[PDB]
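Numbered from 1 within each chain, the chains take letters A, B, ... in sequence-line order.
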Amino acid sequence: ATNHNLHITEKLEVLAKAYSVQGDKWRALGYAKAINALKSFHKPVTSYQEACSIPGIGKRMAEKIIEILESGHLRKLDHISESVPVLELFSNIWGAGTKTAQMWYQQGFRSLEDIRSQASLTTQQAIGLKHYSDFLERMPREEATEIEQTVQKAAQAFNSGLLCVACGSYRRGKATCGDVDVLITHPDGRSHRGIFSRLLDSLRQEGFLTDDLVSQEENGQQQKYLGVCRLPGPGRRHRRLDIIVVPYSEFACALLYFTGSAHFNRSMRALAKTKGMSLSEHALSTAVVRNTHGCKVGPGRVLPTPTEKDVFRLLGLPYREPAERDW
DNA sequence: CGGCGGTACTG
DNA sequence: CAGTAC
DNA sequence: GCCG
Ligand code: NA
Ligand code: NA
């Protein structure tokens, strides 16, 4: 598609990012939805009524849209706190969100050097600070492929039958990727067990993993690593790498979840809800059991889904290719 | 108005 | 319980 | 912020 409302969405994005770094996440979310709708719209917007006809745009958003349309400017931008660019700087540090960014700003910090010299830093934030510039850039998908191959080769050394796939924006076919998520399972349903620890050990020993952000997260039968890798060779940057090992029966739903996008996942959860189902990285399930007072007592029952297509089918949806899952 | 996932780790 | 990122 |  093509954006016919550029000067409008450019302005809205400024406002959206301001709300985000100030921690108004719900308001930012609503802006994101409206901003999407505007770009993928058959025409430039020429009236308030037309703006409101668009799902995701109500009175308040339409008002701003038409103000921009007519005057070329959005006044609310002129009343945006001067702190916003610094809050964004601080929250670009992996492990620091808006609360930490506020705290540092109130302490009078203004720069990364300020943070590096005088800020108290969590173990994760120190790594995120140390690799600030590397983590901010998106890598070419070619480099993501090499990263996936590195993980896959070290995994298949333990069991050649392991199935390994890079998810996220890479699987959605983007030219560049902010990170790499490598999802690992085994078709025999059992031989994924034991792999996670040995795999991280092997990647450690050969120098590929340079820092761990979360060395192990256990979520049901899924194991997740969040860390930092760097391919061999000179001129290589540090990159964010996640590794998730899952049982074969959850592979389709894990695959879907880690392929995303985040916005696509949110809309699929909403759709499942309408059908009295829930959708997680583990399973498509019937909705949980709620008692007399409306509180969840027990989990629902899993609807088995061997493949991503099975998930879409049970939801009464046409299959969507990963490249079509940005929204 | 409340929901817009729920979750693990960590403190 | 709250902060963060998935 | 928007939606029901
Ligand atoms: Na609307
Ligand atoms: Na951050």
Exercise. Does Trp94(A) have a side-chain nitrogen or oxygen under 4.0 Å from the phosphate oxygens OP1 or OP2 of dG3(C)?
Worked result: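 Indeed not, no polar side-chain atom of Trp94(A) lies that close.
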Exercise. Do the side-chain N or O atoms of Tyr19(A) get closer than 4.0 angstrom to the phosphate oxygens (OP1, OP2) of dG1(D)?
Worked result: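 For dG1(D), OP1 or OP2 has a side-chain N or O of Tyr19(A) closer than 4.0 Å.
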[X] [atom1] to [N] [atom2]: how many Å, rounded?
X	N	atom1	atom2	result
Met103(A)	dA2(C)	CE	P	17 Å
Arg60(A)	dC3(D)	CZ	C1'	11 Å
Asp24(A)	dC2(D)	CG	P	13 Å
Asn92(A)	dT4(C)	CG	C1'	15 Å
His263(A)	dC3(D)	NE2	P	16 Å
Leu284(A)	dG6(B)	CG	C1'	16 Å
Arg27(A)	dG1(D)	CZ	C1'	6 Å
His282(A)	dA8(B)	NE2	P	7 Å

Problem set entry | Atom CD of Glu137(A) with >12 non-hydrogen neighbours under 6.0 angstrom |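 Buried by this count: over 12 neighbours within 6.0 Å.
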For this session: Might you confirm whether atom CD of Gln221(A) has over 12 heavy atoms from other residues, nucleotides or ligands at distances under 6.0 Å?
Result: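 No, CD of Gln221(A) has 12 or fewer neighbouring heavy atoms, counting only those of other groups under 6.0 Å.
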Scan [X] against the nucleic acid and name what it touches under 4.0 Å (heavy atoms): base, sugar-phosphate only, or nothing.
X	result
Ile93(A)	sugar-phosphate
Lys25(A)	nothing
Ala96(A)	sugar-phosphate
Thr100(A)	sugar-phosphate

Problem set entry | Close side-chain approach of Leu183(A) to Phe251(A), heavy-atom, < 4.5 Å |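 Of all side-chain heavy-atom pairs linking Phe251(A) with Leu183(A), at least one is under 4.5 Å.
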Please write out each protein N/O paired with an N/O of nucleotides 9-11 of chain B under 3.5 Å, distance rounded to 0.1 Å.
unit_1, atom_1, unit_2, atom_2, d
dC9(B), OP1, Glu218(A), N, 2.8

Problem set entry | Interatomic distance at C1', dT4(C) relative to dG5(B), whole Å |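 About 16 Å, rounded to a whole number of Å.
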Problem set entry | Results of side-chain contact (heavy atoms from CB on, under 4.5 Å) for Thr274(A) - residues two or more places apart only |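 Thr274(A) satisfies side-chain contact (heavy atoms from CB on, under 4.5 Å) with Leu271(A) only.
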Exercise. Is there a path of hydrophobic side-chain contacts, each under 4.5 Å between heavy atoms of I, L, V, M, F, W or Y residues, that connects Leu6(A) with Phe41(A)?
Worked result: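 No, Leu6(A) does not connect to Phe41(A) through the hydrophobic network.
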Exercise. Between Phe312(A) and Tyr319(A), how do the two ring planes meet: parallel, tilted or perpendicular, split at 30° and 60°?
Worked result: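 Perpendicular: the ring planes of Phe312(A) and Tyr319(A) meet at over 60°.
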For this session: Not counting sequence neighbours, list each pair that qualifies as a ring pair (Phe, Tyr, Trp, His ring centres under 6.0 Å) and has a residue in residues 197-218 of chain A.
Result: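 Found none.
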Exercise. Which of the following nucleotides, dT4(C), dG1(D), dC6(C), is nearest to the side chain of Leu226(A)?
Worked result: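 Side chain of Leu226(A) sits closest to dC6(C).
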Exercise. In terms of the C1'-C2'-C3'-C4' torsion, is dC1(B) a north or a south sugar?
Worked result: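 Here the torsion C1'-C2'-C3'-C4' comes out positive, placing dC1(B) north.
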For this session: Sort out for me which residue in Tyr105(A), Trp104(A), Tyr132(A) forms a ring-ring contact (aromatic ring centres under 6.0 Å, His included) with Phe90(A).
Result: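 Among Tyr105(A), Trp104(A), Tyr132(A), the one meeting ring-ring contact (aromatic ring centres under 6.0 Å, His included) with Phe90(A) is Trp104(A).
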Could you go through nucleotides 2-5 of chain B and list every protein N or O atom that sits under 3.5 Å from one of its N or O atoms, giving the distance for each pair?
unit_1, atom_1, unit_2, atom_2, d
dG3(B), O3', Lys273(A), NZ, 3.3
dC4(B), OP1, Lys273(A), NZ, 2.6
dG5(B), OP2, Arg269(A), NE, 3.1
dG5(B), OP2, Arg269(A), NH2, 2.8
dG5(B), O4', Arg269(A), NE, 3.2
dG5(B), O6, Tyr257(A), OH, 2.6

Problem set entry | Partners meeting ring pair (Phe, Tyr, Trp, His ring centres under 6.0 Å) with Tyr225(A) (sequence neighbours left out) |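 By the ring pair (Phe, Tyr, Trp, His ring centres under 6.0 Å) rule, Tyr225(A) matches no residue at all.
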For this session: Using the test ring pair (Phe, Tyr, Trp, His ring centres under 6.0 Å), find all partners of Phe135(A) that sit at least two apart in sequence or belong to another chain.
Result: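 Partners of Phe135(A) under the ring pair (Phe, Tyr, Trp, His ring centres under 6.0 Å) test: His131(A).
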